[PDB]
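Novice: I have a structure I would like to understand better, so I am pasting it below and will then ask my questions one at a time.
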Amino acid sequence: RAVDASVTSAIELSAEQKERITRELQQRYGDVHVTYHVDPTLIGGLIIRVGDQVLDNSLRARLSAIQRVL
Amino acid sequence: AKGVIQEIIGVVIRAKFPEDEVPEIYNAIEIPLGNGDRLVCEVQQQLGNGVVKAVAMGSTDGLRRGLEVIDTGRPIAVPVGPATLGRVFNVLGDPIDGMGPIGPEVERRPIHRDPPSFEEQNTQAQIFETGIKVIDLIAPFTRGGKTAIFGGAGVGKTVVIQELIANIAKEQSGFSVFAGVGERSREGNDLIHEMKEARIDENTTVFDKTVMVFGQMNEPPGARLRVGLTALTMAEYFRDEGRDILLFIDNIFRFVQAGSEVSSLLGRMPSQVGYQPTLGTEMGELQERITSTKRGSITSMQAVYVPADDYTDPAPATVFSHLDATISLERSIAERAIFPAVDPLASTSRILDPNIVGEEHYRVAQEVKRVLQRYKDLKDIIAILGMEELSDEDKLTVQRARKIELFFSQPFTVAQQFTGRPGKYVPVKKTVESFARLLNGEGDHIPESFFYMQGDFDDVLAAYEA
Amino acid sequence: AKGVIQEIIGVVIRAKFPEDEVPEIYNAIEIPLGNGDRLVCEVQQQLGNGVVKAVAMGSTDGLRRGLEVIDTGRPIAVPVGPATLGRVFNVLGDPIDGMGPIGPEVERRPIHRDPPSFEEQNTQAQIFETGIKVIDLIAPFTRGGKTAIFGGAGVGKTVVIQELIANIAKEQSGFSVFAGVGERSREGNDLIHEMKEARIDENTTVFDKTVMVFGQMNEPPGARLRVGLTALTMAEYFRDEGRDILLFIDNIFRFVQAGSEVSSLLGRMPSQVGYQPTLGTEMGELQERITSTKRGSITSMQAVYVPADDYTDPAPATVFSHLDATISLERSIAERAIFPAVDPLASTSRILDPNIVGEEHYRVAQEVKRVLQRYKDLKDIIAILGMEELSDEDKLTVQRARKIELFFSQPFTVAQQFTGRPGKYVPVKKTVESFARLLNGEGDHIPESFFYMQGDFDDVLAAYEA
Amino acid sequence: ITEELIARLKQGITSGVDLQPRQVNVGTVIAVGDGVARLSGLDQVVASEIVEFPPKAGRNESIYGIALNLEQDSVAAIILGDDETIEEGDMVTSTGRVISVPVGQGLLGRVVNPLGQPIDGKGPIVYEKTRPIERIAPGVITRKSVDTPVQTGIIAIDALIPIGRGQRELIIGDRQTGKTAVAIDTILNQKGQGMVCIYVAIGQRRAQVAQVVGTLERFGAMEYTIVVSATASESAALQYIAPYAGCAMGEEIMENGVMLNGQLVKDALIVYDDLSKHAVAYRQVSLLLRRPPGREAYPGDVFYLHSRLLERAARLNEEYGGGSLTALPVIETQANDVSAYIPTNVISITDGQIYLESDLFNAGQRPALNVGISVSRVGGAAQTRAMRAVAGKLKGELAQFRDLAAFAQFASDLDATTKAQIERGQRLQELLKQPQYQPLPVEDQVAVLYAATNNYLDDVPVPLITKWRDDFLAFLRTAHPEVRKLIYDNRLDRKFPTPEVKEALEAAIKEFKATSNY
Amino acid sequence: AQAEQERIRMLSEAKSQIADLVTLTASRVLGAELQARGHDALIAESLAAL
Amino acid sequence: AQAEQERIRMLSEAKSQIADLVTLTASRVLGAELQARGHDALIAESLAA
Ligand SMILES: Nc1ncnc2c1ncn2[C@@H]1O[C@H](COP(=O)(O)OP(=O)(O)OP(=O)(O)O)[C@@H](O)[C@H]1O
Ligand SMILES: Nc1ncnc2c1ncn2[C@@H]1O[C@H](COP(=O)(O)OP(=O)(O)O)[C@@H](O)[C@H]1O
Ligand SMILES: [Mg+2]
Ligand SMILES: [Mg+2]
């Protein structure tokens, strides 16, 4: 509520999953202001940002990490 | 991609855009005007909340504090192609001569590109022929080399730059890209057009083989600053095509001054004597695109106006580091009615090496410099003694030095209007022999005055026959 | 206490403290970092609500905004006492040599003190017997007075400093302190320790009798600014003990320019060359604690670098405002191997007047200066023409000038490694009597090159008249 | 042994990767100026991190920038690459790692960015350790007095301006005067002297650095040299960090060393190609960050900047490895104004100067060194005993000539002794002329100066002194190799003019004078 | 030797081109396989530690 | 010749790259749902060169 957040998912999020992740983020405030995005170029991943900290466990991250072998 | 103009102070305009579609740092704001034409600013600083500070590129005396502005998305785009050949353009790549607008099918490219990478650079220092002999065997060109001229206020820099374009249109094709940075309207316009149209080869005027882009002290500082980049794009097209293009910049001093004015108007912290903090980097981005890649090569000359004799001035000081060869024009020689008026001394070239320009070329160049260097040392001797008390052997040195100094003068195909006779193109390797003969002493009996303006040594021999 | 670092802009940082317990100016806020490695700062301003601007005095690279900042409640505290003898410190007072930490039991005093009050000042000026004949005669020190050593790089400055330390250690009990402001980490950190450890005027090594503090070149401007004050704080303990102390400062101009850089970093308006606006006050905080109080005295000998060669420049000008003597060491006196390479005609001293040094000392000093000036003038007569042109009483003047110039040479107790001659300490009165005798009498029948490396006139007479 | 690969894998993936959701720090750009971004208020950023700017739409590359000013609610970060792409609102993530560069044996004979990325297009760098840039100086007890010489290969420097391992000798000059020529000759002279050369090339042209690299390649000088490059087109941040990366590489050579020609070499030489252009780049960076301008518009800490750069050059003692690192900064003075800001700073922080003048250069004399004002404050400690004994006479005679230099056009019309002194001075000055890319080994210089100091070249006419030197050297190389070997072998002797070397050299020079005609 | 170094670099550059092509092909194929596979359980991976 | 060899090596080793692509595709997400067209099928569809 006090803090703002943003979320990105490869596929269009279903409503039940949207509420599930909304209530999942109860570490800080519960149902914080979350602006769910798609970014379809993202694949099977979830990028959640709360405040000035991000989390990026999306498969693009692991693909880039493997690509670092180049 | 639609904004609103917030402030306008002088030629600096602040526009505001929606936060999601703020223009990049070097986009064209393209303000539309009621008459149908448009004012094409460029962004320079993204500040605040979707607010951009831009330079005018134009008058900015006809616009309010609320005009809609359409972001182009791309930087300033200029035509490139054979279609833009033999045409006169401004900084925005709009034909400013009487001919019609460039068609919409002509490829357009941004002016802010990147210079060739380090790998693409070439190390072979092939000599580029010009026809002005005193330039060919004092300080020759270099393909993908930045020659420059110095001195100013009367000495013929613009005239030698016109002569080079004419002679290099005689040689091969020499598609030349003249970049008029803040050129005087009289000098740049109706004299370059007039002379190039007059200079004719194969029933196709040299004007029709060269592309001219003229900034204008009259145009605001931003136009005079980015005109060099526009001309660089025009030449870089032909370089990518593989042809050996030749790019000419007029008074890079004015390029530096325009940069200083733009920086001051932008509120940038002043550096050195009120000059821009980015003095080095602007010259870097303008000069680094002029080089020789494996495919093509933008050989170039850049005239420079040194204030008075102050070579410490920030503009010549900055540009020195980027030059492969320097030519120093002095008024004292000009008082001697010499078209080149180039100083044989104090005009160096990095490719003056035995194994880059031929073994004899280096030693004959040094010997000519040695002969001329001697003449200076005993100038007062000749002055008060009238050649008296000379070693006699020195008298010949004196005589050969005066003959050399007069022989450097060459009728310029572009100087026919002032007083000269028709111009002569003196090819290198055909007149290095001429100078070798003069040093050997084949002209030790011809009078001094006959080496005045003839070109080859065979020419002065033929003149002496009469 | 326990503030938080808010801003980091190069060396300058800003820390935010609570409304109360805000650090005062020069309160030495410490930043815990790494493993006990504290980035001690120095508060210079108080801003707004508890924000205080401080100078880095260290790397300030591994820092991040938001770290804890601890206020010490007092300026930078440095160890003081005999525990600092024979040790090498940085500005912060931590020993940078191999030996271990000083330890908590040793007294620590603030770096920023106030000079002695008005009453404590010595009403009259007492000569300081440096022992070296040329200095003791021509440019005598003043007890509690500054001195300049304008000598060539490698003409004997370090040897002279070693000799002064030896004399202040031997004759009077004394000690010495070396303040290498902005001293190179090679020519200072190493080229000194070996020289002062190998050099042994007596059983004790010059190193064991001197407190060394180095504000190295690589340290930020704050360290180079306050290293002089650290040296003064270390010497003030021995002064308060009633001893007489020599404080050697290396190139006080480096202190001035470190202050200039600090002021520029703090954003203060520049002043008259770009120097700090607080140039006089900064040079007053330093150099005013170098005074002869009732209890003890701190004499100083400060090397000075003249910008360009302008004795009128604000840095050397402000330094000269606080100088009581000047020694101009010269290589010309070094090719002719005289150990004190002092030019008697350029070195001056305020205390050289009849009232303080007595009538006879002033008379003999003036006479020596007069004959040396005559010899300098007759340089041209002797070189252009030769000795024969010299008139009567002017041949004698040059003849005596040779013997005077050689007699200034002295064998130092620290020079017994360079030359092997035993050391000699000539008191001032002995120098006065010796030079008076040389001028009004004896010394003419004795050929020159026999006054070489001798003490009193009696010493040369007895030794080299056999 | 594929089983080894199977065992190494299948365990790190299952229980070797944390894969733990935790929130890493980022920020958003709020204003992009002239290559400067504010990155909003990204917290937990060290004072000189390298921010990452991950790829976004319309850009599949990652561009790095240095976080220099850490303001409250603003981190003004200078961009290392091109700022044409970074836009307002771009998300920027901060790595926790300070700027680091690859170093060691592998990075040898390669042209690289300040960041260590190759620009030679010859493949990626091979390395296993990265040395952080911007290191604290070695310290007080860590160093040793400079004793071992650095034979540059040009007579004037090696005789009158010694350069020793650990010394910081400045090549101060003006316009083009051979500063890069003197440096490139010094680098070329280290073919078999157990040294690793670093060239930095700050603010130069891509063509100029390519030409220098081609020159080193042509003389087989790329088996022992590194080239860093931050050309003029590059952003001011890259030029700003170029010399620091170069000296980080040099520090790695100094501390650990590399296997050069089958032996461990712990001595390094670094040539900051232009500290003048480096200071100009730093001034641009500071002024675009709105930092307060000092004298001549340079920020207040340019002295601290070049000082921390140069003081990392040292001669470590035996306890710390015995390595070394000689710095050869280069400065571009304007109108020979040595009193300018950076020239004064660098001459104050460096150990010696090599003053190159335009007058001497345009006087026909190639190496335009000015012996009068140039000084190496290390002194004779950075010379072999042979060169040290020989060069005292050279220094004295050149000083005498400089005293009476006004009589070159009056030399004949003077005293016999003065005429002899002027003639000898002219012969020596003609002898110190040297072409380019022609370094003379130490024994050769010792032999030449032994000849010149003694009355041997008096018969030789002045204009032919250079030809005399050239063909005399050729004679020694082909006719008397043993004399060169003998001189080289006992160069360190306390009394170099020993009877055997003395008589051998005298016989060789007499034989050459008899065979040749002048 | 210069020719030999050119062949080594040419093979290396060819290796980089092949690696980039393989990466692009894997990305295109990975998208197809992932879409047919489904991504229902991706949410569970976001709270192993947060 | 180097260009010809590289094209030959690339064409010849395309199946091996597909074999490596399958391993990378299998390890692309560290898992593969059984209800899918198949990693090999997608690689064949994305075989391209
Ligand atoms: N020792 C030398 N012998 C012969 N020619 C030389 C020598 N030094 C310099 N030159 C000539 O002078 C030209 C310029 O010299 P160089 O580039 O080394 O000078 P610089 O001071 O480093 O110049 P810049 O400031 O332009 O980089 C060289 O290309 C060469 O033509
Ligand atoms: N080759 C030449 N022949 C005759 N006059 C010349 C020549 N070059 C220059 N001039 C003189 O110089 C004037 C123009 O010089 P210009 O080339 O414009 O120098 P700048 O461009 O530096 O002003 C002409 O009006 C003419 O009087
Ligand atoms: Mg003009
Ligand atoms: Mg150079």
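Here chain B follows Swiss-Prot, giving residues 3-468 in order.
The way this entry was determined, per its header, is electron microscopy, 3.2 Å.
Note that Cβ sites are derived from N, Cα and C of the backbone, with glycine treated the same way.
The ATP binding site annotation in Swiss-Prot covers B:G153, B:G154, B:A155, B:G156, B:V157, B:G158, B:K159, B:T160, and the record cites sequence analysis as its basis.
Looking at the shown structure, what environment does each listed feature sit in?
Specialist: The Cβ neighbour count for B:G153 (ATP binding site), using a 10 Å radius over every protein chain in view, is 26.
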Novice: B:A155 (ATP binding site) has how many other Cβ neighbours within 10 Å of its own Cβ?
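Specialist: That number is 10.
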Novice: Around the Cβ of B:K159 (ATP binding site), how many other Cβ atoms lie within 10 Å? Please give the count over every shown protein chain.
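Specialist: The answer is 25 other Cβ atoms.
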Novice: Just to be sure I understand the packing, how many Cβ atoms besides its own are within 10 Å of the Cβ of B:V157 (ATP binding site)?
Specialist: 24
Novice: Of all the binding-site residues here, B:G154, B:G156, B:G158, which one's CB has the most other CB atoms within 10 A?
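Specialist: Result of the Cβ crowding comparison: B:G158.
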Novice: List the same-chain residues at least 6 positions away in sequence whose Cβ sits under 8 Å from the Cβ of B:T160 (ATP binding site), in sequence order, or say none.
Specialist: B:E185, B:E189, B:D252, B:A305
Novice: Can you tell me which of B:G153, B:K159, B:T160, our binding-site residues, come within under 6 Å of ligand 2 at the Cβ?
Specialist: B:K159, B:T160
Novice: For the recorded ATP site formed by B:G153, B:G154, B:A155, B:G156, B:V157, B:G158, B:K159, B:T160, name the remaining residues of the chain with Cβ within 8 Å of the site's Cβ center, in chain order.
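Specialist: What remains near the Cβ centre is B:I151, B:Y307, B:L331, B:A336, B:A343.
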Novice: Among the binding-site residues B:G153, B:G154, B:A155, B:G158, which sit with their Cβ under 8 Å from a Cβ of chain F?
Specialist: none
